[PDB]
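Undergrad: Got an experimental structure here, sequence first:
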Amino acid sequence: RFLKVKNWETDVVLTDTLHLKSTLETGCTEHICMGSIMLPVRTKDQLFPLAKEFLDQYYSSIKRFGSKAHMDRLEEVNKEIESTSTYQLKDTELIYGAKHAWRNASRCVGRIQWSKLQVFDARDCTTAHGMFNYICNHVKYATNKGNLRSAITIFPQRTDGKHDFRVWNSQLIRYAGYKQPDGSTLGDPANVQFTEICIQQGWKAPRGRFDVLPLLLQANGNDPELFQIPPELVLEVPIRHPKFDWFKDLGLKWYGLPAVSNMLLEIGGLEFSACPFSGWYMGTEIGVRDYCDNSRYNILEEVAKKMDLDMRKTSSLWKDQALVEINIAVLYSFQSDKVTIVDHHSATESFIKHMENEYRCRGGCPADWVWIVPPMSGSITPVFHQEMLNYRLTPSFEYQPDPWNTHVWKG
Amino acid sequence: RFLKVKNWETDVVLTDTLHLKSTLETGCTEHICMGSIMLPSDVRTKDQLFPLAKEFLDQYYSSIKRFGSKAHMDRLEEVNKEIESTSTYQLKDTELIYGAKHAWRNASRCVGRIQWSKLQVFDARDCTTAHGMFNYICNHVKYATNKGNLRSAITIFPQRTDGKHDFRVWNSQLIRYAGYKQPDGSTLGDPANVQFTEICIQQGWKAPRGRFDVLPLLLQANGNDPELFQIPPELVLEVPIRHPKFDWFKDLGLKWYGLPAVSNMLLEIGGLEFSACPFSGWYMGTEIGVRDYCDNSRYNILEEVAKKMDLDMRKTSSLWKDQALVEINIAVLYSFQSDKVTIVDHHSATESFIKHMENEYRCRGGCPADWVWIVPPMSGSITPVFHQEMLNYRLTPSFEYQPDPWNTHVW
Ligand code: HEM
Ligand code: HEM
Ligand SMILES: Cc1cc(N)nc2cc(-c3ccc(OCc4ccccn4)c(CN)c3)ccc12
Ligand SMILES: Cc1cc(N)nc2cc(-c3ccc(OCc4ccccn4)c(CN)c3)ccc12
Ligand SMILES: C[C@H](O)[C@H](O)[C@H]1CNc2nc(N)[nH]c(=O)c2N1
Ligand SMILES: C[C@H](O)[C@H](O)[C@H]1CNc2nc(N)[nH]c(=O)c2N1
Ligand SMILES: [Zn+2]
């Protein structure tokens, strides 16, 4: 059963067979589309089919499907599951799985890069201090003095769900947020709740507008522990504008390394609850969302004010005009400091080339239009005009609840 | 099964029950989301028609608070007898107006629906000829235009009978600009209308072969060959496009028309199919300034505008496209406002839609909404609709797509 997607700007039509390999559910039905909904322990009963499916995919990809090595590995995993109730991936399988979870991430526009992921095996880690060390090395490797390198660090898998490894931070590097008694917020409003937890755990907050949060790390189900990333490892970029000299005086900076640390990596039915991964920024993530969301730093006002635009009526498009300038400044600053960044024109064009290649070589590329189209200038990027099919493939990155809502405190 | 939608900027959560009354299908399944597919998809037989009529009359009589009343049961019986007899049935004027207003109310891709109950419905079911169609359409255009104070309207021509006697407006909009492919290979005028512009010429029309030539109407009554008519120019309100800061802007020679009037859709009420039902409102500025002017497959003016602005067009990371895009859309709103022609900017329209959504959830239990179409094609995330989860589902009465008549017409 073939399915076609059309690019309405170029009339290129692509045919998707890969969706037939899709198992998990989308949230949609024949009668409702949940395409804009943000968020729509395993027993050995269901674990071996998940392992077998993954291992068939793995051995197919290495052109050894049905081989003796393939059949012996299936045997070995089968015996390990009934004996021990779980199983361990080989290093080769772990690397394959992590790369393919990125390849399958339908909301990620950066997937042309999926095969160049640096995978750090942290499954021998046992303590929060051990986690801190692995994360420091990840941050140093990925940052590479501004020449950013994609990487993932994979901590031990879930066992009984009572011994999880978790990074309580949503990203490895993020700025604190403080609610003031007068109702205003200092710093990043998105991080107020997590900041409060850190402070309660003993963090001494400097209470500034761009304070790097401490790492809050949980090993083996124990209470989490606070660690401060060495500041020499945290690369930051002061934001200035190439024509507007007053822009630097707004006091803005951002960190160079985007490293998401709250998602769950699923490979062959195994669940890796701590698996921070990092690449590099698309400019709009900072310039549109981080700076200009009303619920974030929300700087459209001051920027438009210092630009002296007509702010009395929205039909002057003063918001749109300040938005472009802020995003110019983000890109200019990162390029000037030689820190890797990509603009949304380049990134969406690369994605279209990636997508067509995946249709040719793989039979499809699952893609979430709602997330792939950039949050400014949508229709002047090529993905806007591109029809896309969204479906769930494994290996995958999944959401998981924030640990402070489920953790059982040891005290 | 009583679904919730969250606004992530305001944490406002609405509960949707209206979707459980959904009739038709979305194109999605639990295995695949087709939310970004443009078109996800002979007469009604005697059996299919009556349930459709019953469902519609049930909701009509509920709306006037006469569900289960004398008049309700009598109308149910009356239509029931007429279908058994004539194999179709005729709507009363009151039901026709209700059906048209609720087709708009149910149009999940329309951001302008806060206005849905203030629709002027012109009953043209007594029409028999293309000359008569032309007359009704001129009256529509003049009424809707209202010397620049635009008024929403629909004109409804006779309903499909056996599919051989169809009324159709061959134009996609009542007012659109011609498109000609040039000798050197480029395109003069509107490329989206090149095929239609040539059906008009290859049928009788003689073209000024300019850049903004108003197309003639191609009107089909009762299944006959369509006929060409020129709309009186005094009835076509146009706006010369200038910029409030850039005096060279007028030298680009751009204009657009004031009246957006879609004429190629099919209106479904109680199973009856109205294949000719042109409807009109007023423009959101981005429809002209982002899509009509800046799509690469349309007038595609971004290069020339940025050149006159002397922006650095050598790299995409200068965001020269984004900067020009904003200025172009500033000029469109400025020109319409200057000439006192109704227009709405994308900030005002999306704020109105959020208010409408709240109204519909409160008074009706929900509002079907297609995020992919509701979010404007520029500055997406600084409009409130970007952060609003939406549920998309199909309610009837409805506007539907239908094939272009030249691919169908028994010529
Ligand atoms: C290399 C450059 C990369 C770029 C430019 C990039 C870009 C993006 C962007 C812009 C988003 C949308 C997020 C948002 O708007 O908040 C996203 C989502 C995502 N990225 Fe990438 N990314 C990159 C690398 C990676 C890597 C290395 C991984 C994992 C190994 C990854 C996994 C994901 C996932 C799983 C999502 C979706 C999260 C969800 O489902 O909600 N990305 N990416
Ligand atoms: C009064 C001001 C109105 C505004 C500002 C408005 C705005 C819009 C916009 C921006 C779109 C997206 C279409 C595109 O991007 O090409 C749209 C779609 C649509 N509008 Fe409205 N509209 C208005 C009135 C109306 C009226 C009066 C009707 C019918 C009586 C209507 C029915 C529709 C339909 C049926 C669609 C698309 C449905 C589809 O493609 O499936 N609109 N509208
Ligand atoms: C490796 C990499 C590079 C790069 N440039 N960007 C990346 C963005 C993400 C990513 C994913 C999901 C997100 O969603 C938050 C949410 C979801 C649901 C509900 C509420 N909030 C966010 C927002 N922080 C970011 C992940 C990795 C990235
Ligand atoms: C009343 C009113 C006012 C207003 N301001 N804008 C309106 C826009 C539309 C409307 C809907 C669907 C469309 O379809 C795109 C398409 C789909 C599939 C294939 C090709 N193209 C188009 C463009 N043709 C326009 C309808 C009514 C409007
Ligand atoms: C409600 C809506 O789904 C939500 O705001 C989404 C829209 N698209 C997005 N797209 C990206 N890339 N990132 C986001 O956070 C969101 N948020
Ligand atoms: C491929 C994609 O579905 C297509 O480009 C859609 C996307 N969103 C849109 N949104 C609106 N309002 N109008 C459109 O024509 C489109 N086109
Ligand atoms: Zn869907």
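TA: That came in fine, so what should we check first? Numbers count the residues shown, from 1 in each chain, chains lettered A, B, ... in the order given. Ligands and ions are numbered 1, 2, ... in the order given.
Undergrad: Report whether stretch A:84-94 contacts ligand 1.
TA: No. Using Cβ under 6 Å from any ligand atom, stretch A:84-94 never reaches ligand 1; the gap is at least 12.8 Å. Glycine gets a C-beta too; all of them are placed from N, C-alpha and C.
Undergrad: Buried ones in that stretch, by neighbour count?
TA: Going by neighbour count (16 or more other Cβ atoms under 10 Å in any protein chain shown), the buried part of stretch A:84-94 is A:86-87, A:89, A:93-94.
Undergrad: what's that stretch in contact with?
TA: Contacts made with stretch A:84-94 from outside it, assessed by Cβ atoms under 8 Å, 6 or more residues apart in numbering or on different chains, are listed as A:44, A:47, A:51, A:54-55, A:58, A:77, A:80-81, A:97, A:119, A:121, A:123, A:154, A:157, A:159, A:267-268, A:270.
Undergrad: Quote the end-to-end distance of it.
TA: Using Cα to Cα, to the nearest Å, the end-to-end distance of stretch A:84-94 comes to 19 Å.
Undergrad: any chance you could map the helices in the stretch 251-400 of chain A?
TA: For the stretch 251-400 of chain A, the helices defined by DSSP state H, counting those that start in this stretch cover A:283-284, A:291-292, A:300-307, A:318-336, A:344-362, A:369-372.
Undergrad: Buried deepest among the ones you listed, which one?
TA: Compared across those, helix A:283-284 shows the largest average neighbour count, a mean of 28 (mean count of other Cβ atoms under 10 Å in any protein chain shown).
Undergrad: Which strands and helices lie in contact with it?
TA: Secondary-structure packing of helix A:283-284 (3 or more Cβ pairs under 8 Å, 6 or more residues apart in numbering or on different chains; DSSP states H and E): helix A:318-336.
Undergrad: Say whether ligand 1 is contacted by the helix it packs on.
TA: No. In terms of Cβ under 6 Å from any ligand atom, no part of helix A:318-336 sits within range of ligand 1; the closest distance is 12.3 Å.
Undergrad: What helices and strands are in contact with that helix?
TA: The helices and strands touching helix A:318-336, judged by 3+ Cβ pairs under 8 Å, 6+ apart, are strand A:236-238, helix A:283-284, helix A:291-292, helix A:300-307, strand A:341-342, helix B:320-338.
Undergrad: Adding distance to residue B:229 as columns, could you present these in a markdown table?
TA: Shown next, in a markdown table, are these (distance: least, Cβ to Cβ, whole Å):
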| stretch | distance to residue B:229 |
| --- | --- |
| strand A:236-238 | 62 |
| helix A:283-284 | 47 |
| helix A:291-292 | 49 |
| helix A:300-307 | 48 |
| strand A:341-342 | 52 |
| helix B:320-338 | 27 |
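Undergrad: what does chain A put close to ligand 1?
TA: Taking Cβ under 6 Å from any ligand atom as the criterion, the neighbours of ligand 1 within chain A are A:102, A:105, A:107-110, A:113, A:117, A:150, A:152, A:277, A:279-280, A:282, A:285, A:342, A:347, A:371, A:397.
Undergrad: May I see the ChimeraX selection of the buried members of the residues you listed?
TA: Selecting the buried subset of these in ChimeraX, with 16+ other Cβ under 10 Å as the burial test, is done by:
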select /A:102,105,108,109,110,117,150,152,277,279,280,282,285,342,347,371,397
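Undergrad: ok so, going back, let me have the helices of the stretch 251-400 of chain A in JSON lines, adding distance to ligand 6 as columns.
TA: As requested, the helices of the stretch 251-400 of chain A are exported to JSON lines (distance: least, Cβ to the nearest ligand atom, whole Å):
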{"stretch": "helix A:283-284", "distance to ligand 6": "18"}
{"stretch": "helix A:291-292", "distance to ligand 6": "22"}
{"stretch": "helix A:300-307", "distance to ligand 6": "24"}
{"stretch": "helix A:318-336", "distance to ligand 6": "17"}
{"stretch": "helix A:344-362", "distance to ligand 6": "12"}
{"stretch": "helix A:369-372", "distance to ligand 6": "7"}
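Undergrad: Out of those helices, flag the one nearest residue A:382.
TA: Residue A:382 sits nearest to helix A:344-362 of all the helices of the stretch 251-400 of chain A, at 5.0 Å, using Cβ to Cβ.
Undergrad: domains of chain A?
TA: Domain assignment for chain A by curated CATH domains gives A:16-123+A:150-160+A:264-278+A:348-372, A:124-149+A:164-235+A:399-403, A:236-258+A:281-346.
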